[PDB]
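Engineer: Okay, so here is data_34.cif, and as you'll see once you scroll down, it has mmCIF, C-alpha atoms and all ligand atoms.
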```cif
data_my_file
loop_
_atom_site.group_PDB
_atom_site.id
_atom_site.type_symbol
_atom_site.label_atom_id
_atom_site.label_comp_id
_atom_site.auth_asym_id
_atom_site.auth_seq_id
_atom_site.Cartn_x
_atom_site.Cartn_y
_atom_site.Cartn_z
ATOM 1 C CA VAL A 536 10.941 49.846 -2.635
ATOM 2 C CA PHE A 537 8.515 47.334 -4.130
ATOM 3 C CA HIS A 538 5.310 48.343 -5.866
ATOM 4 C CA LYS A 539 2.335 47.053 -3.929
ATOM 5 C CA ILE A 540 -0.114 44.877 -5.871
ATOM 6 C CA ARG A 541 -3.574 44.223 -4.402
ATOM 7 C CA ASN A 542 -4.508 40.665 -3.766
ATOM 8 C CA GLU A 543 -7.844 41.488 -5.323
ATOM 9 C CA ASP A 544 -5.941 42.032 -8.569
ATOM 10 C CA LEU A 545 -4.045 38.606 -8.430
ATOM 11 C CA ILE A 546 -5.443 35.157 -9.192
ATOM 12 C CA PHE A 547 -3.168 32.200 -8.130
ATOM 13 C CA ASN A 548 -3.397 29.265 -10.550
ATOM 14 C CA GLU A 549 -1.285 26.163 -11.087
ATOM 15 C CA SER A 550 1.754 25.238 -9.039
ATOM 16 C CA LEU A 551 4.864 25.165 -11.238
ATOM 17 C CA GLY A 552 7.369 23.897 -8.684
ATOM 18 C CA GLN A 553 9.416 24.848 -5.630
ATOM 19 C CA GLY A 554 12.525 26.786 -4.851
ATOM 20 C CA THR A 555 14.457 26.759 -1.645
ATOM 21 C CA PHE A 556 11.794 27.335 1.001
ATOM 22 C CA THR A 557 9.349 28.724 -1.585
ATOM 23 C CA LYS A 558 6.518 27.613 -3.787
ATOM 24 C CA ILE A 559 6.032 28.840 -7.324
ATOM 25 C CA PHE A 560 2.768 29.466 -9.156
ATOM 26 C CA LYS A 561 1.436 30.789 -12.400
ATOM 27 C CA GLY A 562 -1.166 33.508 -11.956
ATOM 28 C CA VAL A 563 -2.963 36.451 -13.549
ATOM 29 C CA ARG A 564 -2.649 40.121 -12.566
ATOM 30 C CA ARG A 565 -5.423 42.512 -13.560
ATOM 31 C CA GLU A 566 -3.749 45.809 -14.165
ATOM 32 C CA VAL A 567 -4.191 49.224 -15.648
ATOM 33 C CA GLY A 568 -1.529 49.275 -18.382
ATOM 34 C CA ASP A 569 -0.433 51.545 -21.167
ATOM 35 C CA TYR A 570 -3.060 54.115 -22.188
ATOM 36 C CA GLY A 571 -5.251 53.138 -19.209
ATOM 37 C CA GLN A 572 -6.294 49.909 -20.871
ATOM 38 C CA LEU A 573 -7.177 47.145 -18.407
ATOM 39 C CA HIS A 574 -5.153 44.000 -19.040
ATOM 40 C CA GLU A 575 -5.070 40.415 -17.725
ATOM 41 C CA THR A 576 -1.337 39.756 -17.422
ATOM 42 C CA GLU A 577 0.316 36.384 -16.805
ATOM 43 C CA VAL A 578 2.516 36.537 -13.735
ATOM 44 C CA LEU A 579 5.038 34.351 -11.951
ATOM 45 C CA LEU A 580 4.283 34.216 -8.225
ATOM 46 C CA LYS A 581 6.831 33.180 -5.646
ATOM 47 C CA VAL A 582 5.515 32.418 -2.188
ATOM 48 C CA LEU A 583 7.840 32.117 0.792
ATOM 49 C CA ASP A 584 6.926 29.101 2.906
ATOM 50 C CA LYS A 585 5.108 30.093 6.084
ATOM 51 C CA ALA A 586 7.440 27.914 8.126
ATOM 52 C CA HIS A 587 10.455 29.881 6.837
ATOM 53 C CA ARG A 588 9.434 33.479 7.576
ATOM 54 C CA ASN A 589 12.851 33.780 9.282
ATOM 55 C CA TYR A 590 14.326 34.151 5.772
ATOM 56 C CA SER A 591 11.885 36.845 4.563
ATOM 57 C CA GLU A 592 14.480 39.607 4.477
ATOM 58 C CA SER A 593 16.829 37.601 2.234
ATOM 59 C CA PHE A 594 13.948 36.357 0.087
ATOM 60 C CA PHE A 595 12.901 39.912 -0.700
ATOM 61 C CA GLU A 596 16.467 41.348 -0.956
ATOM 62 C CA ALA A 597 17.185 38.793 -3.697
ATOM 63 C CA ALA A 598 14.471 40.286 -5.919
ATOM 64 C CA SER A 599 15.064 43.889 -4.800
ATOM 65 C CA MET A 600 18.704 43.985 -5.804
ATOM 66 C CA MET A 601 17.959 42.628 -9.284
ATOM 67 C CA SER A 602 15.014 45.034 -9.675
ATOM 68 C CA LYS A 603 17.232 48.068 -9.159
ATOM 69 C CA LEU A 604 18.911 47.368 -12.508
ATOM 70 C CA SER A 605 17.276 47.037 -15.910
ATOM 71 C CA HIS A 606 18.538 44.739 -18.625
ATOM 72 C CA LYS A 607 17.058 42.781 -21.511
ATOM 73 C CA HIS A 608 18.278 39.455 -19.987
ATOM 74 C CA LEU A 609 17.063 40.063 -16.394
ATOM 75 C CA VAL A 610 13.575 39.075 -15.356
ATOM 76 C CA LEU A 611 11.254 41.981 -14.547
ATOM 77 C CA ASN A 612 9.948 42.284 -11.039
ATOM 78 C CA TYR A 613 6.368 43.650 -10.811
ATOM 79 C CA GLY A 614 6.230 44.051 -7.056
ATOM 80 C CA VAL A 615 4.859 42.296 -4.016
ATOM 81 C CA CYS A 616 1.405 41.088 -3.179
ATOM 82 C CA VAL A 617 -0.529 42.793 -0.435
ATOM 83 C CA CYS A 618 -1.498 39.261 0.539
ATOM 84 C CA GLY A 619 -2.508 39.133 4.203
ATOM 85 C CA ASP A 620 0.400 37.836 6.263
ATOM 86 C CA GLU A 621 2.031 36.101 3.296
ATOM 87 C CA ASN A 622 5.382 36.970 1.658
ATOM 88 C CA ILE A 623 4.819 36.913 -2.147
ATOM 89 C CA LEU A 624 6.905 38.298 -5.033
ATOM 90 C CA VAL A 625 5.168 39.069 -8.320
ATOM 91 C CA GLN A 626 7.324 38.863 -11.424
ATOM 92 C CA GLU A 627 7.262 38.441 -15.171
ATOM 93 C CA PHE A 628 5.918 35.145 -16.511
ATOM 94 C CA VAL A 629 8.406 33.771 -19.065
ATOM 95 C CA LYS A 630 6.543 31.742 -21.614
ATOM 96 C CA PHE A 631 8.645 28.605 -22.043
ATOM 97 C CA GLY A 632 10.018 28.378 -18.469
ATOM 98 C CA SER A 633 13.173 26.853 -17.104
ATOM 99 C CA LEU A 634 16.143 26.194 -19.391
ATOM 100 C CA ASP A 635 17.096 22.973 -17.546
ATOM 101 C CA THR A 636 13.800 21.264 -18.266
ATOM 102 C CA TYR A 637 13.664 22.707 -21.782
ATOM 103 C CA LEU A 638 17.124 21.289 -22.543
ATOM 104 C CA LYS A 639 15.928 17.848 -21.508
ATOM 105 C CA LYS A 640 12.620 17.996 -23.407
ATOM 106 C CA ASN A 641 14.188 19.160 -26.675
ATOM 107 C CA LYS A 642 17.584 17.414 -26.565
ATOM 108 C CA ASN A 643 16.790 16.227 -30.107
ATOM 109 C CA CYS A 644 16.155 19.630 -31.690
ATOM 110 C CA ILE A 645 18.962 21.526 -29.880
ATOM 111 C CA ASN A 646 22.402 21.814 -31.517
ATOM 112 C CA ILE A 647 25.627 23.472 -30.503
ATOM 113 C CA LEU A 648 24.779 26.800 -32.188
ATOM 114 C CA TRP A 649 21.614 27.065 -30.066
ATOM 115 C CA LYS A 650 23.661 26.314 -26.937
ATOM 116 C CA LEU A 651 26.294 28.837 -27.906
ATOM 117 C CA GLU A 652 23.715 31.624 -28.403
ATOM 118 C CA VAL A 653 22.174 30.950 -25.010
ATOM 119 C CA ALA A 654 25.633 30.873 -23.403
ATOM 120 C CA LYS A 655 26.411 34.217 -24.978
ATOM 121 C CA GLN A 656 23.199 35.731 -23.615
ATOM 122 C CA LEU A 657 23.954 34.400 -20.129
ATOM 123 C CA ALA A 658 27.478 35.818 -20.324
ATOM 124 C CA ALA A 659 26.043 39.142 -21.511
ATOM 125 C CA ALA A 660 23.829 39.304 -18.457
ATOM 126 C CA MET A 661 26.637 38.361 -16.099
ATOM 127 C CA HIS A 662 28.916 40.914 -17.710
ATOM 128 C CA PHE A 663 26.330 43.553 -16.964
ATOM 129 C CA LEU A 664 26.100 42.377 -13.371
ATOM 130 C CA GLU A 665 29.898 42.335 -13.070
ATOM 131 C CA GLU A 666 30.175 45.936 -14.351
ATOM 132 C CA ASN A 667 27.610 46.947 -11.746
ATOM 133 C CA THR A 668 29.517 44.954 -9.087
ATOM 134 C CA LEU A 669 26.320 43.068 -8.329
ATOM 135 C CA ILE A 670 26.604 39.464 -7.155
ATOM 136 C CA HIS A 671 23.880 37.075 -8.217
ATOM 137 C CA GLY A 672 24.949 34.001 -6.206
ATOM 138 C CA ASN A 673 22.685 31.363 -7.665
ATOM 139 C CA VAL A 674 23.355 31.066 -11.400
ATOM 140 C CA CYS A 675 21.949 27.728 -12.616
ATOM 141 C CA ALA A 676 20.000 26.495 -15.507
ATOM 142 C CA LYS A 677 16.764 26.204 -13.386
ATOM 143 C CA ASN A 678 16.954 29.989 -12.915
ATOM 144 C CA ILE A 679 17.335 30.745 -16.621
ATOM 145 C CA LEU A 680 14.010 31.173 -18.374
ATOM 146 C CA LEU A 681 13.270 30.939 -22.110
ATOM 147 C CA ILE A 682 11.204 33.981 -23.401
ATOM 148 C CA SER A 683 11.092 32.731 -27.022
ATOM 149 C CA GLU A 684 12.196 29.657 -28.933
ATOM 150 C CA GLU A 685 14.375 29.622 -31.991
ATOM 151 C CA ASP A 686 12.301 30.883 -34.924
ATOM 152 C CA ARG A 687 13.667 29.557 -38.187
ATOM 153 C CA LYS A 688 10.948 31.347 -40.188
ATOM 154 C CA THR A 689 12.572 34.614 -39.182
ATOM 155 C CA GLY A 690 16.134 33.542 -38.267
ATOM 156 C CA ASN A 691 15.796 34.693 -34.648
ATOM 157 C CA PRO A 692 17.721 32.817 -31.923
ATOM 158 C CA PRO A 693 16.150 31.623 -28.650
ATOM 159 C CA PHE A 694 16.091 34.426 -26.035
ATOM 160 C CA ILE A 695 16.587 33.928 -22.314
ATOM 161 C CA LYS A 696 16.380 35.823 -19.049
ATOM 162 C CA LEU A 697 17.906 35.239 -15.642
ATOM 163 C CA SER A 698 15.649 35.135 -12.545
ATOM 164 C CA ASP A 699 16.700 36.282 -9.052
ATOM 165 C CA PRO A 700 18.876 34.066 -6.826
ATOM 166 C CA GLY A 701 16.358 33.388 -3.999
ATOM 167 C CA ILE A 702 17.386 33.308 -0.357
ATOM 168 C CA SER A 703 21.164 33.913 -0.253
ATOM 169 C CA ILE A 704 23.714 31.193 0.402
ATOM 170 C CA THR A 705 25.099 33.435 3.109
ATOM 171 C CA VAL A 706 22.111 32.539 5.338
ATOM 172 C CA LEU A 707 21.012 29.115 4.102
ATOM 173 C CA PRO A 708 21.743 25.979 6.134
ATOM 174 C CA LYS A 709 25.122 24.324 5.451
ATOM 175 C CA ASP A 710 23.443 21.123 4.214
ATOM 176 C CA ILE A 711 21.550 22.994 1.468
ATOM 177 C CA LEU A 712 24.798 24.551 0.247
ATOM 178 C CA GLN A 713 26.352 21.076 0.076
ATOM 179 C CA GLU A 714 23.413 19.810 -1.951
ATOM 180 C CA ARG A 715 24.075 22.705 -4.331
ATOM 181 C CA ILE A 716 27.601 21.477 -5.145
ATOM 182 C CA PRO A 717 28.892 22.016 -7.828
ATOM 183 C CA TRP A 718 27.012 25.307 -8.432
ATOM 184 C CA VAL A 719 28.164 26.611 -5.063
ATOM 185 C CA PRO A 720 31.954 27.006 -5.373
ATOM 186 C CA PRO A 721 34.551 25.380 -3.080
ATOM 187 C CA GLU A 722 35.371 28.549 -1.227
ATOM 188 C CA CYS A 723 31.718 29.032 -0.331
ATOM 189 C CA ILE A 724 31.496 25.509 1.153
ATOM 190 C CA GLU A 725 34.561 26.506 3.178
ATOM 191 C CA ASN A 726 32.679 29.668 4.229
ATOM 192 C CA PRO A 727 29.476 31.062 2.642
ATOM 193 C CA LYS A 728 30.619 34.560 3.510
ATOM 194 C CA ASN A 729 33.212 34.065 0.734
ATOM 195 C CA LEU A 730 30.399 34.869 -1.711
ATOM 196 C CA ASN A 731 32.047 37.174 -4.268
ATOM 197 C CA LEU A 732 31.788 38.219 -7.877
ATOM 198 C CA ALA A 733 34.102 35.219 -8.457
ATOM 199 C CA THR A 734 31.290 32.975 -7.148
ATOM 200 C CA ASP A 735 29.282 33.761 -10.236
ATOM 201 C CA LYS A 736 32.137 32.942 -12.621
ATOM 202 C CA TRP A 737 32.318 29.451 -11.085
ATOM 203 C CA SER A 738 28.505 28.980 -11.180
ATOM 204 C CA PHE A 739 28.508 30.142 -14.764
ATOM 205 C CA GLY A 740 30.810 27.302 -15.647
ATOM 206 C CA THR A 741 28.504 24.823 -13.974
ATOM 207 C CA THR A 742 25.528 26.266 -15.835
ATOM 208 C CA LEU A 743 27.367 26.029 -19.123
ATOM 209 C CA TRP A 744 27.945 22.321 -18.376
ATOM 210 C CA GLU A 745 24.187 21.978 -17.819
ATOM 211 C CA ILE A 746 23.579 23.744 -21.147
ATOM 212 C CA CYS A 747 25.923 21.346 -22.926
ATOM 213 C CA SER A 748 24.576 18.257 -21.111
ATOM 214 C CA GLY A 749 20.946 18.208 -22.252
ATOM 215 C CA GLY A 750 19.704 19.123 -18.796
ATOM 216 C CA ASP A 751 21.623 16.510 -16.867
ATOM 217 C CA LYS A 752 22.578 17.711 -13.399
ATOM 218 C CA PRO A 753 26.309 17.494 -12.739
ATOM 219 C CA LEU A 754 27.284 15.145 -9.928
ATOM 220 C CA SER A 755 23.560 14.191 -9.326
ATOM 221 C CA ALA A 756 24.739 10.664 -8.527
ATOM 222 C CA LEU A 757 26.828 11.942 -5.625
ATOM 223 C CA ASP A 758 25.318 12.321 -2.159
ATOM 224 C CA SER A 759 26.365 15.333 -0.116
ATOM 225 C CA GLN A 760 29.324 13.628 1.569
ATOM 226 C CA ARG A 761 30.627 12.544 -1.776
ATOM 227 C CA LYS A 762 30.099 16.044 -3.239
ATOM 228 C CA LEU A 763 32.341 17.400 -0.545
ATOM 229 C CA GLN A 764 34.924 14.758 -1.412
ATOM 230 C CA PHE A 765 34.750 15.892 -5.042
ATOM 231 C CA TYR A 766 35.930 19.318 -3.889
ATOM 232 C CA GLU A 767 38.463 17.835 -1.395
ATOM 233 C CA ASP A 768 40.138 15.925 -4.191
ATOM 234 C CA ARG A 769 39.924 19.030 -6.453
ATOM 235 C CA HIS A 770 38.156 17.242 -9.303
ATOM 236 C CA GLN A 771 36.689 18.882 -12.370
ATOM 237 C CA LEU A 772 33.447 18.090 -14.087
ATOM 238 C CA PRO A 773 33.621 15.659 -16.996
ATOM 239 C CA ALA A 774 33.682 17.097 -20.487
ATOM 240 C CA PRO A 775 30.107 17.235 -21.869
ATOM 241 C CA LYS A 776 29.633 14.888 -24.807
ATOM 242 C CA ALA A 777 28.991 18.108 -26.737
ATOM 243 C CA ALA A 778 32.520 19.116 -25.765
ATOM 244 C CA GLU A 779 33.015 22.425 -27.570
ATOM 245 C CA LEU A 780 32.694 24.442 -24.317
ATOM 246 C CA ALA A 781 34.644 21.973 -22.138
ATOM 247 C CA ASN A 782 37.687 24.239 -21.870
ATOM 248 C CA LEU A 783 35.629 27.323 -21.138
ATOM 249 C CA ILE A 784 33.762 25.363 -18.422
ATOM 250 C CA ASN A 785 36.930 24.220 -16.657
ATOM 251 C CA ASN A 786 38.490 27.697 -17.025
ATOM 252 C CA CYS A 787 35.497 29.212 -15.201
ATOM 253 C CA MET A 788 35.430 26.473 -12.560
ATOM 254 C CA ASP A 789 38.906 27.374 -11.321
ATOM 255 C CA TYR A 790 39.581 26.412 -7.701
ATOM 256 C CA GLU A 791 41.517 29.684 -7.351
ATOM 257 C CA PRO A 792 38.742 32.347 -7.373
ATOM 258 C CA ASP A 793 41.181 35.130 -8.361
ATOM 259 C CA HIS A 794 42.075 33.298 -11.577
ATOM 260 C CA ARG A 795 38.588 32.895 -12.936
ATOM 261 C CA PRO A 796 38.283 34.949 -16.094
ATOM 262 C CA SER A 797 36.400 38.202 -16.430
ATOM 263 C CA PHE A 798 33.087 38.032 -18.207
ATOM 264 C CA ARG A 799 34.688 40.261 -20.873
ATOM 265 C CA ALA A 800 37.234 37.520 -21.415
ATOM 266 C CA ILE A 801 34.516 34.869 -21.329
ATOM 267 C CA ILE A 802 32.486 36.597 -23.999
ATOM 268 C CA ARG A 803 35.647 36.866 -26.160
ATOM 269 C CA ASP A 804 36.184 33.099 -25.895
ATOM 270 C CA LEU A 805 32.548 32.366 -26.748
ATOM 271 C CA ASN A 806 32.746 34.623 -29.802
ATOM 272 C CA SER A 807 36.072 33.100 -30.885
ATOM 273 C CA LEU A 808 34.719 29.526 -31.065
ATOM 274 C CA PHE A 809 33.754 30.771 -34.584
HETATM 275 O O1 LIG A 901 8.433 32.492 -15.556
HETATM 276 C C1 LIG A 901 8.452 31.284 -15.384
HETATM 277 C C2 LIG A 901 7.756 30.436 -16.183
HETATM 278 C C3 LIG A 901 7.724 29.102 -15.851
HETATM 279 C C4 LIG A 901 7.044 28.140 -16.616
HETATM 280 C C5 LIG A 901 6.891 26.853 -16.091
HETATM 281 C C6 LIG A 901 6.332 25.880 -16.882
HETATM 282 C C7 LIG A 901 5.942 26.148 -18.187
HETATM 283 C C8 LIG A 901 6.140 27.418 -18.728
HETATM 284 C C9 LIG A 901 6.705 28.382 -17.931
HETATM 285 N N1 LIG A 901 8.482 28.649 -14.886
HETATM 286 C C10 LIG A 901 9.154 29.414 -14.045
HETATM 287 C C11 LIG A 901 10.014 29.346 -12.967
HETATM 288 C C12 LIG A 901 10.316 28.109 -12.301
HETATM 289 C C13 LIG A 901 9.299 27.229 -11.928
HETATM 290 C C14 LIG A 901 9.577 26.015 -11.289
HETATM 291 C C15 LIG A 901 10.902 25.681 -10.994
HETATM 292 C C16 LIG A 901 11.896 26.586 -11.313
HETATM 293 C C17 LIG A 901 11.595 27.794 -11.967
HETATM 294 C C18 LIG A 901 10.415 30.573 -12.699
HETATM 295 C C19 LIG A 901 11.337 31.087 -11.623
HETATM 296 F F1 LIG A 901 11.245 32.418 -11.508
HETATM 297 F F2 LIG A 901 10.921 30.638 -10.384
HETATM 298 F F3 LIG A 901 12.646 30.875 -11.860
HETATM 299 N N2 LIG A 901 9.927 31.514 -13.490
HETATM 300 N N3 LIG A 901 9.173 30.774 -14.381
#
```
Render the structure in this file as structure tokens.
Ligand SMILES: O=c1cc(-c2ccccc2)nc2c(-c3ccccc3)c(C(F)(F)F)[nH]n12

Structural biologist:
Amino acid sequence: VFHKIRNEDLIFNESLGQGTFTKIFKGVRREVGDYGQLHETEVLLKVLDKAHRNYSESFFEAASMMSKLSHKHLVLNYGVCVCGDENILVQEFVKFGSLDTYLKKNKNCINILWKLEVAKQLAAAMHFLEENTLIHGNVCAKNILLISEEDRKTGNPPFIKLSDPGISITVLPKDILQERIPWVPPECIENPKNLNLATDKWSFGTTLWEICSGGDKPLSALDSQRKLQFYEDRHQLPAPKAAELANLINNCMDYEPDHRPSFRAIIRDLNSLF
């Protein structure tokens, strides 16, 4: 059950973007924190569109299922806004935002060791989810947020967290799922009820391709009909020019779901590139 946050204690500021049927804002939460000290806390606010109240249950279930587990690489959910008739999730504000846009912005200052560390963190999170038999269902670089940049002064790697999947592919319109090829796997285009832990191993491979491609979007040049043809003809993504993770990517994007490797195996591969 979500903690209730008063709207009096939440200020909505700038729009950061949109998700599927949602708008996203930075804001400030006034809260009593540790030792009773009043704090002004940055928050990430996710507002379900008023025209899409039909999806409210899935919208909230997405955050609720992640919030029932605790992990260093999973975004913290703060609760929900007691916000009139609106449907609003309140979550941790991650300083440097989405990995996909960060990759693009800093394609100069990002080398393969940086990409490898982020891939290892993502695999660590998915391993945790796998052990908990918890399906995410929307792993993508947009949904990976950068807490802290590489700090050469201190040697510390970048650190990331994974945000919740949003409204599930099991209820979204077919055309949205097709637009999400190649993150949505072939068997889920066949039938979205095929959502499985193996879904996430496929989507991990797509996200790794995004990590290795400087924030390019795979298959962006293909319209939905052509994206379906990509799966019909059983193609694979092209090797990223930074090709060190090409094999791992194709191994995860296996058209047979049962053959996709465990995240234990995936972490082993990542750690053996050394
Ligand atoms: O915490 C944050 C922090 C920021 C953010 C955005 C811009 C600059 C610095 C941080 N940006 C997001 C997003 C986001 C926003 C627009 C499009 C996709 C993602 C998410 C979300 F949870 F929604 F994944 N959290 N987040």

Engineer: Please identify every polymer residue within 7 Å of ligand LIG 901 (chain A), using only C-alpha atoms and all ligand atoms, and present the set as a ChimeraX atom specification.

Structural biologist: /A:551-554,559,579,581,627-633,677-680,698

Engineer: When distances are computed from only C-alpha atoms, which of A:646, A:667, A:742, A:542 shows the smallest separation from residue 566 (chain A)?

Structural biologist: A:542

Engineer: Would you mind reading off the distance between CA of residue 637 (chain A) and CA of residue 694 (chain A), one decimal, in Å?

Structural biologist: 12.7 Å

Engineer: In Å, rounded to a single decimal, give me how far CA of residue 666 (chain A) is from CA of residue 638 (chain A).

Structural biologist: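 Separating CA of residue 638 (chain A) from CA of residue 666 (chain A) is a distance of 29.1 Å.
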
Engineer: Counting only C-alpha atoms, what is within 6 Å of residue 597 (chain A), bar same-chain residues fewer than 2 positions away, as a compact mmCIF listing (two decimals) with C-alpha atoms, in the frame of the given file?

Structural biologist:
```txt
# COMPACT_ATOMS: atom_id res chain seq x y z
CA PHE A 594 13.95 36.36 0.09
CA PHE A 595 12.90 39.91 -0.70
CA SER A 599 15.06 43.89 -4.80
CA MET A 600 18.70 43.98 -5.80
CA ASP A 699 16.70 36.28 -9.05
CA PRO A 700 18.88 34.07 -6.83
CA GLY A 701 16.36 33.39 -4.00
```

Engineer: Of the candidates A:765, A:721, A:756, A:654, which shows the shortest atom-to-atom distance to residue 802 (chain A), using all atoms listed in the file?

Structural biologist: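 Among the listed residues, A:654 lies closest to residue 802 (chain A).
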